[PDB]
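Chain identifiers are assigned alphabetically (A, B, ...) following the order of the sequence lines, protein sequences preceding nucleic acid strands; residue numbering begins at 1 within each chain. Only heavy atoms go into these numbers, but all of them, side chains included; no hydrogens, no water, no symmetry mates. Both counts, for ligands and for their atoms, begin at 1 and track the order of listing.
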Amino acid sequence: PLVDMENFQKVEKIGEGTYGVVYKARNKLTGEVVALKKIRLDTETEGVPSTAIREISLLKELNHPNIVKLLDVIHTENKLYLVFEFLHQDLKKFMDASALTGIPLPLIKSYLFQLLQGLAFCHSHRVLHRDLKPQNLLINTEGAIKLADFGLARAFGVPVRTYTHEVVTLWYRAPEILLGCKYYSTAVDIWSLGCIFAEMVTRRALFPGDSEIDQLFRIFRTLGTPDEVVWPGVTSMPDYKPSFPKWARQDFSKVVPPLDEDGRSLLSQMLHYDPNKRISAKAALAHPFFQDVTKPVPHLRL
Amino acid sequence: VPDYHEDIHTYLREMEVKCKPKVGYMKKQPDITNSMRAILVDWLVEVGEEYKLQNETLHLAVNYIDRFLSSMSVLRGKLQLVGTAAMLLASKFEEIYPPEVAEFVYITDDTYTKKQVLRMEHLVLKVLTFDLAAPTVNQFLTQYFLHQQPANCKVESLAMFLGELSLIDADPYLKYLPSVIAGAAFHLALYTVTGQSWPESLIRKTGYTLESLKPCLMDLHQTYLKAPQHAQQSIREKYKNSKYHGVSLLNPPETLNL
Ligand SMILES: C[C@H](C(=O)/N=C1\C=C(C2CC2)N=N1)c1ccc(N2CCNC2=O)cc1
């Protein structure tokens, strides 16, 4: 335990957080570069944090090229270290750094393709990510993108209940959640991915809500207010209000202008209101949009 | 029917074979017995009722305890500490908002300190190598329930009841996979409540025939019949509640005509 920690040379702090601090580090004996997530167990004296319990147990079951890899876990007396592979950048900083030129379409296609592969692996292994946002997606110089931050992930061999405090940030939150659904489903991760796909394409967040109600209205305004025909049961949901404005669905070619027929088709299926009808990651991978996918390398300004 | 339903099933069937404890670990324990274990689980059932915890939590904690005892010799006086730590870990993994440690120290009647509970949590995590996402009877029943065209809440409750009873007796349930105990509990409950039998769709899904479930089914039936006379009663009491349609009060058929 203490010996393993000695084999690591801290390079520099690369991130903060509730769980603790993350450092870029190097294995002194092997030269392997890694990311060390540090967790102080004396900040709450409540044992190992639930969040860590789940991230560790679920992550060590998810070995896939498009899912951040957990290399080790060092549990000292007063500290817990999670050792991960290291990646140079996250999608949020990349989008920001690509504002002027815009991420090229082939690269956007590649990233979406890879994200769907990692997400499919999660889902077919009964794991819901539940916090898919640009910032939690890691990218390297070779052109790979991987899912990261499983701090809110949950196994769903048994139904996962909705909880007000543990939810993805507003902008990527699925409509069912906003309308108060009782249980989570794989569909919430596809929705998030859809919002990310659109953001990469247009260079602007698709539904940038200021609050829960504003988030719903922005979604309604673009996709049309859903009715019983579009989403059976929607008017019966806990937070649905008969007083909701009735907006018509905007033309998709005006929402994501640079996209072709295939792109628009894929995105609309990822943004289907009815979670039971929203395309699965598995099926999304078979969509013709990915007909000619390649693996371009990003321009990482570092 | 979900899109990853089959994949998840195939996968849970794979994991249950790995998170399987050693069937005969109790004889190799020098100080604890099946009886002491039964008293432990029964207690955990009450704790689960006291803090309104999910049934999955109870199941996860039991899986942890059997895996832990499969490799660690434990004395009478520490068996409850392990169980407490197990329940705490299970709550942290499954519950939306787990109870605070003080509560787990409370429910032991100050037998153990907060310090001892946290150290045991650490030891249990080490011994289990942080592999806490284990498959349960609960999970498999959930998977099976979606093949019930005539969605029946009574059947489910009874199935859950039969599955929970199997947790109490290491003998003979430790020798059965969670997916098999679930298959037996499903058929028995379906049969008792509707007179129907293990459905063709589930035979195709699990590969289990009614003939394959027989050995476990026979034991589960006997456990059902004897349920009222069992030294441990927490599960029966719990299932008297209208929340479960009082299925613990339902009378088991005399025979199964298998
Ligand atoms: C986004 C990227 C990053 O977080 N990478 C990761 C994270 C992980 C594991 C925690 C799961 N693996 N790769 C990053 C951020 C800041 C730096 N910084 C900031 C100053 N110097 C420097 O080098 C370097 C890399």
Pairing donors with acceptors under 3.5 angstrom, does anything connect the side chains of [X] and [Y]?
X: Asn136(A); Y: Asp131(A); result: yes
X: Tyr183(A); Y: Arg161(A); result: yes
X: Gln269(A); Y: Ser265(A); result: yes

Measure from every N or O atom of ligand 1 to the protein's N or O atoms and keep only the pairs below 3.5 Å, writing each with atom names and distance to 0.1 Å.
residue	atom	partner	partner atom	Å
ligand 1	5 (N)	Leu87(A)	O	3.0
ligand 1	12 (N)	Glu85(A)	O	2.8
ligand 1	13 (N)	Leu87(A)	N	3.0
ligand 1	21 (N)	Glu12(A)	OE1	3.1
ligand 1	21 (N)	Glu12(A)	OE2	3.3
ligand 1	23 (O)	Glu12(A)	OE2	2.9

Under the rule for side-chain contact (heavy atoms from CB on, under 4.5 Å), what residues qualify as partners of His5(B), not counting sequence neighbours?
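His5(B): side-chain contact (heavy atoms from CB on, under 4.5 Å) contacts with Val1(B), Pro2(B), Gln143(B), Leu146(B), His147(B), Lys205(B).
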Pair listing, side-chain hydrogen bond (donor to acceptor under 3.5 Å, both in side chains) test, anchored in residues 61-81 of chain A, at least two apart:
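Counting only pairs at least two positions apart or across chains, the side-chain hydrogen bond (donor to acceptor under 3.5 Å, both in side chains) contacts touching residues 61-81 of chain A are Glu61(A)-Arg126(A), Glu61(A)-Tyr11(B), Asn66(A)-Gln114(A), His75(A)-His122(B).
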Under the salt bridge (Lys or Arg N to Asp or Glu O under 4.0 Å) test, which residues partner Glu56(B), sequence neighbours left out?
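If we apply the salt bridge (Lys or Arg N to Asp or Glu O under 4.0 Å) test to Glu56(B), skipping adjacent residues, there are no hits.
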